[PDB]
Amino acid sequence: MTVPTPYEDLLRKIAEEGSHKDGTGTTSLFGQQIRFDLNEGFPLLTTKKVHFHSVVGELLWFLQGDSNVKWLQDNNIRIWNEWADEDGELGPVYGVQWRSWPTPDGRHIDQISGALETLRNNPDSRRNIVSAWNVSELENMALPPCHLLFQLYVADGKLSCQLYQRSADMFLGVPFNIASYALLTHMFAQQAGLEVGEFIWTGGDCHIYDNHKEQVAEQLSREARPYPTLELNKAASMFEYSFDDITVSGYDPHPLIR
């Protein structure tokens, strides 16, 4: 009464008032913001089929902090393949910065387990930040980080997460990005015994490619169903979740577009 549509709302807004940049064309707006109350449903979009298994597998692998694509393939996820080299290696992308941001001693920082310690010990911390925008290592990455930083925050025993995402393919990328951080934020809350607050997605260039005009125009005509809800069995730590611990229930998306 009704179902919130912060995503489709932004989707629409860009199509109507985005300006046009020019190897295929786009219409963009800059600096937008989406937010979901996580208690209020799991934000896996229903106006089109968002494949959740790959959302989950990417995340578990981000969390392993490994830069070889193997474990994805071994688990039937090929979304990173095209960027891998012959040996299946991508450079120090997302997970690698997250678990092992290198320092000029011999060592590395684990911002994930870092971030966890400060949830448990200091929830009011105003500096609970993970970053993958490691300026000095970008040259070595297959692809410069897109969703490049997020911040954790606690109010009334409820965890919120904000994501800064530099560039957003509204149609193909975003929905997938938001389901992935919504899940990570659920994992964080569970591993520190807290309820879930909001996920805030904040973007730079939020864009629709010209070749999505018809597809977007379509999704935009469908009415939303209620969001599914997330079922999460508690693993022993952030780094020991498996596919079996993670399911959505009551997910009834409209059919895929594309």
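Sequential numbering from 1, following the sequence displayed.
The entry models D22 and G23 with a gap of 1 to 3 deposited residues left without coordinates.
For the pair 187 to 195 and 200 to 208, the record assigns the higher mean C-alpha temperature factor to 187 to 195.
For the pair 129 to 137 and 107 to 115, the mean B factor over Cα atoms is greater in 107 to 115. Within the selection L45, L29, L232, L59, the deposited Cα B-factor values reach their highest point at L232.
In the deposited entry, the Cα temperature factor of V96 places it in the lowest third of its chain's modelled residues.
Among the modelled residues of its chain, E89 has a C-alpha B-factor that falls in the middle third, as given in the PDB entry. In this PDB entry, the Cα temperature factor of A155 sits in the top third of its chain's modelled residues, the highest group. Sort the chain's modelled residues by C-alpha temperature factor and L11 lands in the lowest third, per the entry. Ranked by C-alpha B-factor against the other modelled residues of its chain, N81 falls in the highest third.
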